[PDB]
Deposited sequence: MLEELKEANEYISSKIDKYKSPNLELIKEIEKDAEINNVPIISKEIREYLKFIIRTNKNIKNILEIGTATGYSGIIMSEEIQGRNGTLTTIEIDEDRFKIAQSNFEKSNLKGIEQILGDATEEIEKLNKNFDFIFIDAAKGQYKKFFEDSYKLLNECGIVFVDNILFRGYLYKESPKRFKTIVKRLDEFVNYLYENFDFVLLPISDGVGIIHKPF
């Protein structure tokens, strides 16, 4: 029902889709855009795992007005070059791409952010959360996607949800495959 509405109401974006690699939901994308558009205080964004740059682009589009900057790190060199040629095509301003290891790069970033996108389906989410949460201004948001071999990935994911609830201002949302929002007081 909701995707019918988003397609109904909510172009290079359309074609990064078809070539894709997994990308964010229509539902996540639209909520992402909402959160960022409606808090003019989100000026500086960190994204862990550029992938194809689809998520980086739809986040950066929203912050163009307030001259926001998007800092995004990606390990894979192929996905980097692809994301980099999409960022160029989008003509968006303020995008800082890094090709490296986020596990080492986050702490060596020596600046702060208002908003952090971590994808839990993808790599070392807790190490990124713990590293990057220190880099988050007051009143800042970490958005954690896909938060809700298999049986051991599900154990660690359940342990991460409990760990946030025990230590952070945290909501669990049943959007798409799970959205975990943490707010920093």
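Asker: From the N-terminus onward, what segments of the deposited sequence lack any C-alpha atom in this model?
Answerer: Since the structure holds only modelled residues, the stretches it omits are 1-10, 21-24, 35-38, 167-177, 215.
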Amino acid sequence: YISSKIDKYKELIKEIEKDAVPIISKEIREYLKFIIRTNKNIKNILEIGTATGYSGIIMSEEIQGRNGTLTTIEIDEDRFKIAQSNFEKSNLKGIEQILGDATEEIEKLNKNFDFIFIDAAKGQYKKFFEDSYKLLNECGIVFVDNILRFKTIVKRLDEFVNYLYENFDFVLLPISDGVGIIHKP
From here on, numbers count along this sequence of modelled residues.
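Asker: Could you check the entry and say whether 151-159 or 28-36 has the higher mean CA B-factor?
Answerer: Higher mean C-alpha B-factor in the PDB entry: 151-159.
Asker: Checking the record values for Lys126, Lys134, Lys122, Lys43, which has the greatest CA B factor?
Answerer: Largest recorded C-alpha B-factor: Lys122.
Asker: Would you please rank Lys184 by its C-alpha temperature factor against the other modelled residues of its chain and give the third it falls in: lowest, middle or highest?
Answerer: Ranked within chain, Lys184 CA B lands in the middle tercile.
Asker: Per the entry's values, where does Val21 land by CA temperature factor relative to the rest of its chain, in the lowest, middle or highest third?
Answerer: Answer is highest: the recorded C-alpha B-factor places it there.
Asker: Using only modelled residues of the chain, where does the Cα B factor of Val171 rank: lowest third, middle third or highest third?
Answerer: Lowest third, going by the recorded CA B-factors of the chain.
Asker: With respect to C-alpha B-factor, does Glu96 fall in the lowest, middle or highest third of the chain as deposited?
Answerer: For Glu96, the deposited C-alpha B-factor lands in the middle third.
Asker: Please place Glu105 in the lowest, middle or highest third of its chain by C-alpha B factor as given in the entry.
Answerer: Bottom third by C-alpha B-factor.
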